[PDB]
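**Student:** Okay, structure incoming, though there's no sequence with it:
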RNA sequence: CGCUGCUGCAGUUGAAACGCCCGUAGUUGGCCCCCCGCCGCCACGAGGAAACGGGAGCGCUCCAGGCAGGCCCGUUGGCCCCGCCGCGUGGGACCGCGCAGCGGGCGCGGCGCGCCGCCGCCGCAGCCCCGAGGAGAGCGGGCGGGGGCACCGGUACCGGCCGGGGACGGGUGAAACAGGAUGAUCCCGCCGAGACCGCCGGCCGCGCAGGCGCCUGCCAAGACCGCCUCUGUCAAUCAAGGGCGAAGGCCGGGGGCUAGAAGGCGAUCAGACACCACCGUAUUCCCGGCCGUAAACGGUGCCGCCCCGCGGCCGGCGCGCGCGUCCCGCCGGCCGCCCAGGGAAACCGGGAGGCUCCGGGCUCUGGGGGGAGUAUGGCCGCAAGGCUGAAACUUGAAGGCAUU
RNA sequence: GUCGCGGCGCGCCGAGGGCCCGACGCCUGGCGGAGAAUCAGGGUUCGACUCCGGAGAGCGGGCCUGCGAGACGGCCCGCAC
């Protein structure tokens, strides 16, 4: 029994963002715990531009075509 | 599809349905506008501004926090780029091709790509002039191109 | 092919018809005006003429016969027509340079049957129809 | 790109009915599609249509009752004399008794039968039987 | 402008004389002889012919041996390379 | 290749007519 | 009548391929169309191999294998029976026979 | 005769998608604001000769006729059709477009007004549809025989110089012609030119096609994917117009190894002056122009929309999982097979499907076969030619795919 | 100047007016419509002649009379015959 009205959330995710019934962000705002700070730094999962940790001079984000890798101790998803 | 190419591709960005300001937000609309204004004061393409706002800060979409576009924000304060960022970035691309062509006399392929980029500057100019964003006198010409980009 | 079908594409549809209507061989023969100028019987059912010579034509194979015909010079256009005198032995009724009325074979300028090169055929000789002479309804 | 949206959707509805699928997702949505679907729902050739509104053009999810033979668009949207609407039905629709040519009139989008009832001519959006 | 439509650009002087083949050949040689070439020292396009084989850069004030109608001849360009490759190889 | 050789033979006739006209001119 | 979907050649997403030469006919064939068989056969015959191995005065000698890629043109290959005409249905069938 | 196709034709193979690409006119343009204004559009009028077509009424003895006739509408001869792209009226769905901040009083301000100005005047929520599974620009990471210029490796064919050792060597289907005691072939050592980038090399990839492979430094690009980056209809296709375009050729240099259009010579034949040897000019390679064609073919234009399974390959990106270039998706392309569906069938099925139940948009092309891509005029080229393009006349088949 | 408007003629003064929505040029065994023929629908084809409007009376011109004709069963002239 499938009604397009209510798509399964775990199936909708498998579909391309544009292909989904409601076009939606395929990416989430993340929050990382800084190595040199105890305060979360809201970041984008697919961010590319170097993001510097507060105070720490170097960017904590190593970019890639998809989800940016992180170097210093980080947090997973929004916090 | 793809204008001067034959490729068909969809790598667009899908906007959020809720036009919601960030719950995780430390930025007032006045704070957001000032940062866009100050990035422009330093001097940056609008596409770069939205990348700084999204990466260094958390403003996913400027429209969500303040109900305006990024160029609309820069026209209001008055730091509007006189030649639009899309035309300016294609004019720059053309000038680069011509300089390469100067060393490579027989690069027939580069000459073909140049006609494409020229046409996409010409088509975009005719639109911007009709919208009146660009002055009626504005014309893309090879000699003036170098100086218009500077 | 989309056959240009838009509410404002009515000159294109008209233009295409007038240009491509000339492709048809029959419409071309009918409305070019080339047949009218070149026709020995130009827009005429038949014409008066003198018999240039009485010469039979050998029929196209498979059929094998000498179909007696007469070469005919037309009074109206001074063009020479090859006209097949019909029925049996009707060539005898005609004498060289006799008055002859000739009508097309019936294929509208095309040769009819085995006779090679016969766009026309004889209908009347010196005022008397060849059938009327043939059936002896009216003698020479 | 898409110049006719109704035609692209109606073709999808017919294509789903061929493979016996009740629910179809129409990617482009329009007020003309909306009205065309409403008329088919009234004549019961289609069932409830639910529009998932999006911040863009919109998509429609239509439940089918398996009772539509064929739908179509007339391009361009011709002008029909009210008197000659019968000729359009005689050729496009099978049988004077069954089938609906869908028109647009200054009064509103209307059925060929309703158009005859008040004798008003118009433009043909399409046709469904 | 384009006062001569065809390739009678430098050969307009000859007028209707000498035949097309001679004038076509002269176009190439004459245009090459009165052309400005780039001096391998001044690096300025100021080399002009003084006589057959002798070319001088007006700014560099250096005279160099060359082809009768071009500062550098194709056989010579190849020879310099062959002599360089053989020289580097010997050492 | 008869059609290739037939095109070559029309070319020759075309040259002969084109040249003959010049002698007539 | 299009005899083959391949059109006799394996050029896909291409417009031009390297020319090769029939090894017997010495004719220019598109690389995709050519037969392109491969042989790893050893240099000396199997019988001579035992006689040569006993003769060899070096220990651990093994007969050298000879590797070549035989490319033949369609006419050259079918005539020397490298490939064979196949039935309409068996033409569709692939795989080494 | 739907064989002219608006309805309503075809272009894989019967005739027919321009070789490829940009492009101006032209034509076509996602959605979206209800509410008026002009559009177009549709209905309804008004007015503008009949005959004519239809049609009421009628026995010319019947009729084709005629408006006559009959003890009569005020006896009849009504009524419709002058497409009237004009006119007036309504509606506003659809279809095109609309640049002004609006107001309140001064002003009932010269028979009712309105215009224009002057007043922040305190009335207005005074002012941005949105973010197209449209397109452009950005960023990030990979991507590939993509392009130019540059540099340089490697054998091999060929020549050249020794040294050795020795009679044939070549060539073939068998031969023969040339090579060799001035020592050939053969071997090794070198030496120099020019071409070419082998095996890896493919249901690989890339490029707009034509096409693309040594070291591939360095110079600009291009798709694709990713993204809560940016712009906001900037689009699709296209006469006219431009660019590019294999090979062969051509004009003029550079080169010149190898093959080799010409030519010459063996053979082979009845004759080959052909196929097969052998020799070899133009050519083949580079630069600067031409030329503008190819079975330039997927013999299938381009932009869309949907459409079922079964796998492969390549380029990104995610979902996970012990955990591996594994699995599973999303994919952008390259492909095989195929149920429906389609077709004259072969076959397509990532379309050649959604089509007699015939209409998304655009541009091109064909109309039985010859004559004929000829004639003539033009344009272009140095030429060769290319592009445009008949007619007289002739003629019953030509052709497709299948069966025996 | 005309019955009268108008480049309709003249002087003067400018630089226009047209066109791939096909101008201009050329051709037409081109009168036009009311209508006709053939016919499911859409089309196609033909408009000498009846009715209407044009245009001409061998060919060009030029004219008086008249309320009106650039008249030809008026006149005058050039050209044919």
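**Tutor:** Cool, got the structure. Numbers count the residues shown, from 1 in each chain, chains lettered A, B, ... in the order given.
**Student:** gap between the residue in chain E positioned nearest to RNA strand H and residue E:86?
**Tutor:** Scanning chain E for proximity to RNA strand H using Cβ to the nearest atom of the strand identifies residue E:74 as nearest, at 3.5 Å. Any C-beta I mention is one placed from the backbone N, CA and C, and that applies to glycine too. In this view, residue E:74 and residue E:86 are 19 Å apart by Cβ to Cβ, to the nearest Å.
**Student:** By proximity to RNA strand H, which residue of chain A wins?
**Tutor:** residue A:66 (1.9 Å).
**Student:** tally of neighbours for that residue?
**Tutor:** Using other Cβ atoms under 10 Å in any protein chain shown, residue A:66 has 10 neighbouring residues.
**Student:** Please report how far it lies from residue A:47.
**Tutor:** Taken as Cβ to Cβ, the span from residue A:66 to residue A:47 is 11 Å.
**Student:** now swap in residue C:120 and tell me
**Tutor:** Residue C:120 is 93 Å from residue A:47, by Cβ to Cβ.
**Student:** For stretch B:36-53, buried residues please.
**Tutor:** Within stretch B:36-53, the residues scored as buried using 16 or more other Cβ atoms under 10 Å in any protein chain shown are B:36-37, B:39-40, B:44-46, B:49-53.
**Student:** quick one, helices of chain G?
**Tutor:** Along chain G, the segments classed as helices by DSSP state H run G:46-55, G:74-79, G:88-92.
**Student:** Residue D:113 is nearest to which of those helices?
**Tutor:** For residue D:113, the closest of the helices of chain G is helix G:88-92, at 55.9 Å, according to Cβ to Cβ.
**Student:** what residue lies at the spatial centre of chain G?
**Tutor:** residue G:37 (1.9 Å; Cα atoms, centre = their mean).
**Student:** Sorry, wrong one. I was asking about chain A.
**Tutor:** Closest-to-mean residue, chain A, Cα atoms, centre = their mean: residue A:45 / 2.4 Å.
**Student:** For it, which residues are in contact?
**Tutor:** Residue A:45 is in contact with A:27-30, A:67-68, counting by Cβ atoms under 8 Å, 6 or more residues apart in numbering or on different chains.
**Student:** Just say helix, strand or coil for the nearest residue to it once chain neighbours are set aside.
**Tutor:** Nearest non-adjacent residue to residue A:45, counting by Cβ to Cβ, 6 or more residues apart in numbering or on different chains: residue A:27, 4.7 Å away. Classification of residue A:27 by DSSP: H, G, I helix; E, B strand; the rest coil places it in coil.
**Student:** Tally up the residues packed near residue A:27, please.
**Tutor:** Residue A:27 - counted by other Cβ under 10 Å - has 16 other residues nearby.
**Student:** Likewise for the one 5 residues further on?
**Tutor:** Counted with other Cβ under 10 Å, the burial measure for residue A:32 works out to 23 neighbours.
**Student:** Give me the three-state assignment for it.
**Tutor:** At residue A:32 the chain is in strand, as set by three-state DSSP.
**Student:** just residue E:83 next, same as before
**Tutor:** Assignment for residue E:83 (three-state DSSP): helix.
**Student:** So it versus chain B, what's the distance?
**Tutor:** For residue E:83, the distance to chain B equals 27 Å [Cβ to the nearest Cβ, to the nearest Å].
**Student:** what do you get for residue G:52?
**Tutor:** Counting by Cβ to the nearest Cβ, the gap from residue G:52 to chain B is 57 Å.
**Student:** what's around that residue, how many residues?
**Tutor:** Neighbours of residue G:52 using other Cβ under 10 Å come to 14.
**Student:** Leaving out chain neighbours, which residue sits closest to it?
**Tutor:** Nearest to residue G:52 is residue G:44, by Cβ to Cβ, 6+ apart, at 5.7 Å.
**Student:** contacting residues around stretch G:34-44?
**Tutor:** Taking Cβ under 8 Å, 6+ apart as the rule, stretch G:34-44 contacts G:20, G:22, G:49, G:52, G:63-74, G:77, G:82-83.
**Student:** ok, which stretches of chain C are strands?
**Tutor:** C:46-58, C:66-74, C:80-84, C:99-104, C:120-125, C:128-129 (DSSP state E).
**Student:** so can I have JSON lines of those showing distance to RNA strand H?
**Tutor:** Below are those laid out as JSON lines (distance: least, Cβ to the nearest atom of the strand, whole Å):
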{"stretch": "strand C:46-58", "distance to RNA strand H": "9"}
{"stretch": "strand C:66-74", "distance to RNA strand H": "12"}
{"stretch": "strand C:80-84", "distance to RNA strand H": "8"}
{"stretch": "strand C:99-104", "distance to RNA strand H": "11"}
{"stretch": "strand C:120-125", "distance to RNA strand H": "10"}
{"stretch": "strand C:128-129", "distance to RNA strand H": "25"}
